[PDB]
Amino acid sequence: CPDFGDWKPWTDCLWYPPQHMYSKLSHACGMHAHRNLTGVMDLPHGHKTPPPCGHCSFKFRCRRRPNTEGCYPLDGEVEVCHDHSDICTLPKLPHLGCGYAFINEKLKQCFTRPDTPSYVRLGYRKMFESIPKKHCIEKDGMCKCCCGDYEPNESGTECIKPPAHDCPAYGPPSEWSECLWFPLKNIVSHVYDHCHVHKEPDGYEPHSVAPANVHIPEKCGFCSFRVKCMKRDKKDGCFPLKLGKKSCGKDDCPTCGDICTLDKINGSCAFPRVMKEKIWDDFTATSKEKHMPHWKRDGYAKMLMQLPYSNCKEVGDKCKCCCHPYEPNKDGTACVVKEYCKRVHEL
């Protein structure tokens, strides 16, 4: 590939809300901010965004080259603004609790489509990973958060810099798995097998919150997905397994890209969301029962974010469903990419 044209000017120290930070990042690369991220990962209704805090604010700069096959067009650099060092105080998120470290998976999954080119996926991954990583603890019904090399002290009153965790090196990534499908226990078993890991006796495992014998149709809705594993040895402060996902479509199995048709439950198509809420409520409660430190909670939660997340339209007597980053089209006949996930040229 050709080398980048290098650097446009550094931004000011950047901050939230997400739409505003995305706008400044996009302008920094010399591009219009065409996505509307409002409502995708905002704070719960009624909560003001606090001022720059936690070593979480940062400057950004960008460089550009032509978008060629195999040559991602953009390249970024991040410099943390450590002047804004007071600990962040944030509300608990519905179902996720102090989930600020892994909510970004919703946006990363925009580039997990079967038709996302590998070089595109890797280019956006580099961007996402450069954002300062959040480390949160819960104190008296609120979240106390610091980013990057800083973590909350035990009392959640200050951001401190622990000794470097010096995590062991990852081994080679696996290949993609085959397309995985429900029931959930089969998905879980396949992850253990594909990633060559164990159910730690103290560990967490999601259990089906589905009724006794609900009908599971053939793979559909871009809901079936492949996984790719990167694994490192255990070490305190270091979660050992990182998972990537890639949805399956019509070139992966013949029904995989067709909309899902399900029966209604209790006269509605809400049951997928209800089940998702239950799984997260149970995980969040388990993370506290088992006294999980933030790095371990976050590691499990990032994997749990990879489960299929459905949106359904009720059409006649049936539910027509697709999984993120897809949603049903207007008449419930096909699956389409959510607008804020579309590639820039598809917008």
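All residue numbers are counted from 1 along the displayed sequence.
Student: For the stretches 283-291 and 27-35, which has the higher mean C-alpha B-factor as given in the deposited record?
Tutor: The stretch with the larger average C-alpha B-factor is 27-35.
Student: Using only the Cα atoms and their B-factors as the entry lists them, report which of 62-70 and 296-304 averages higher.
Tutor: The recorded data point to 62-70.
Student: For the C-alpha B-factor as written in the entry, point me to the maximum among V315, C322, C56, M41.
Tutor: Of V315, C322, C56, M41, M41 has the highest C-alpha B-factor.
Student: In this PDB entry, which of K185, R113, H215, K161 has the top CA B-factor?
Tutor: The C-alpha B-factor peaks, among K185, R113, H215, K161, at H215.
Student: Name the third of the chain's ranked CA B-factors that contains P94, choosing lowest, middle or highest.
Tutor: It belongs to the middle third of the chain when residues are ordered by C-alpha B-factor.
Student: Please rank the C-alpha B-factors of the chain's modelled residues and tell me whether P18 sits in the lowest, middle or highest third.
Tutor: Ranked within chain, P18 CA B lands in the highest tercile.
Student: Give the position of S85 by CA B-factor within its chain, expressed as the lowest, middle or highest third.
Tutor: According to the entry, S85 has a C-alpha B-factor in the chain's middle third.
Student: Sorting the chain's modelled residues by C-alpha B-factor, tell me whether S247 ends up in the lowest, middle or highest third.
Tutor: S247: CA B-factor falls in the lowest third of its chain.
Student: Place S118 in the lowest, middle or highest third of its chain's C-alpha B-factors, as listed in the PDB entry.
Tutor: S118: CA B-factor falls in the highest third of its chain.
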